[PDB]
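Taken together, the values in this text are just the output of simple stated rules run on the coordinates, not laboratory data. Heads up, the Cβs are rebuilt from the backbone with ideal geometry, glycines too, and the neighbour counts pull from every protein chain shown.
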Amino acid sequence: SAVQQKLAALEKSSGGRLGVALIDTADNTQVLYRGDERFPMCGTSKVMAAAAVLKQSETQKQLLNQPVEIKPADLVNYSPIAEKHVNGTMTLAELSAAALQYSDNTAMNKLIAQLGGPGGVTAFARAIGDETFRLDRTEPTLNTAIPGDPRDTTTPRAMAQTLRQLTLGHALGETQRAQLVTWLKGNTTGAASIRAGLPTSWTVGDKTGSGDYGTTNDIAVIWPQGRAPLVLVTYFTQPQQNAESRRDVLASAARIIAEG
Ligand SMILES: C=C1CS[C@H]([C@H](NC(=O)/C(=N/OC)c2csc(N)n2)C(=O)O)N=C1C(=O)O
């Protein structure tokens, strides 16, 4: 298709490897580019962790209000919210919002621990029908994004399907889904990624990720006014371990999708 030709040209211009999956919920049509290749998820994996804790809260009614200690030894790099509460506590709701809206890495580690380890996050993915997602490590090493490494990867096709089930479908209870949607719409890290390529009248909830090899990721649910919502995954990674981030590639992929 012509959208695929434009995505391939964007990828050729970028020097890296681009993965795109679009679901148009109006007719369940999809656009895939490298849609079955694995990509390092980096922080886009935090959506699965927050969702798995929300699922637990369907039976543990007050789980989101449970305090969790933030100790000095817990603090890993890029933890701007948790660092403010060292030697104090944050609730699981606050940790979920921090992991999702600021990509706080310590917050993610608290979600992983609540689930019993990385295997607990993968377990939730399998429980909702995602056979592809795998979380293998904690923060910060899950972002090493080593070429070919299957650890901490998924495919664009699988992550788009999962993000649809979590936000627009019924993988979660009604109030849990609404809470996840609120958190994603309130993300603070996404202005230069998918959001930057879309008409500004469209409502967007998204979660970014970044890692070594210039890995630059974003997954989004998109509400245009007057049409059914879309789900868009944009994954990007590069050959050089010290490559710069390329959020412009993600914005440009979104702009191409919105044109088609
Ligand atoms: C705003 C950030 C950066 S901190 C967070 C996290 N990424 C890393 O900690 C990371 N970034 O490297 C550029 C890393 C860890 S180890 C390694 N080699 N690299 C993540 O992706 O969850 N996410 C976002 C985001 O884009 O949302």
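So how much slack lies between residue 259 and residue 192, counting 0.36 nm per residue of separation and subtracting their Cα-Cα distance, in nm? Show your work: numbers first, answer last.
Details: separation 67, 0.36 × 67 = 24.12 nm, distance 1.81 nm.
Here the segment from residue 259 to residue 192 would lengthen by 22.3 nm.
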Distance in nm between label sites at residue 69 and residue 2, each 7 Å beyond Cα in the beta-carbon direction?
6.2 nm
Could you check which residue among 75, 95, 166 shows the biggest mean-square fluctuation in a GNM of the chain with a 10 Å Cα cutoff?
75
By the C-alpha gyration tensor axes a ≥ b ≥ c (rounded if a/c is under 1.5, else prolate when a/b exceeds b/c, else oblate), the shape of the stretch 31-110 is oblate
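Under 11 Å from the Cβ of residue 86, count the other residues' Cβ atoms, weight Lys and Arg +1, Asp and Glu -1, and hand me the total.
Details: positive: 71, 84; negative: 69, 74, 83.
Charge balance near residue 86 sits at -1.
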The set of residues whose placed amide H lies less than 5 Å from the amide H of residue 153, leaving out same-chain residues fewer than 5 positions away, is 41, 134
For a footprinting-style exposure proxy, rank 14, 45, 57 by other Cβ within 10 Å, fewest first.
14, 57, 45
Could you tell me the center-to-center distance, by alpha carbons, between the stretch 31-101 and the stretch 211-250 in angstrom?
19 Å
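Considering only the other residues whose Cβ falls under 12 Å of the Cβ of residue 155, what net charge follows from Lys and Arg at +1 and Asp and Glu at -1?
Working: positive: 34, 38, 134, 157; negative: 36, 37, 130, 131.
Within the 12 Å Cβ shell, the charges total 0.
DSSP loop (so not H, G, I, E, B), at most 14 other Cβ within 10 Å: list which trypsin sites (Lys or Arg not before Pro) in the stretch 158-227 pass both filters. Don't jump to the answer; show the numbers that get you there.
Details: sites: 164, 177, 185, 195, 207, 227; in loops: 227.
Answer by residue number: 227.
Rounded if a/c is under 1.5, else prolate if a/b beats b/c, else oblate: with a ≥ b ≥ c from the C-alpha gyration tensor eigenvalues square-rooted, which is the stretch 113-154? Mind dumping the intermediate values first?
Working: a/c = 3.62, a/b = 1.29, b/c = 2.82.
It comes out oblate by the Cα gyration axes.
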Can you run phi through the Karplus equation (6.51, -1.76, 1.60; θ = phi - 60°) for the stretch 254-260 and list ³J(HN,Hα) in whole Hz, with x for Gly and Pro?
4, 5, 5, 4, 5, 6, x
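Can you give the calculated 222 nm mean residue ellipticity of the chain, where each DSSP H run of n ≥ 4 adds -39,500 (n - 2.57) and the sum is split over every residue, rounded to the nearest 500 deg cm²/dmol?
It comes out at -10500 deg cm²/dmol, rounded to the nearest 500.
How much length is gained on full extension from residue 127 to residue 248, taking 0.36 nm per residue of separation minus their Cα-Cα distance? All intermediate terms of the calculation are to be shown ahead of the outcome.
Numbers: separation 121, 0.36 × 121 = 43.56 nm, distance 3.44 nm.
Here the answer is 40.1 nm.
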Counting residues in the chain as N, plug N into 2.2 N^0.38 Å and put the Cα Rg over that result.
0.94
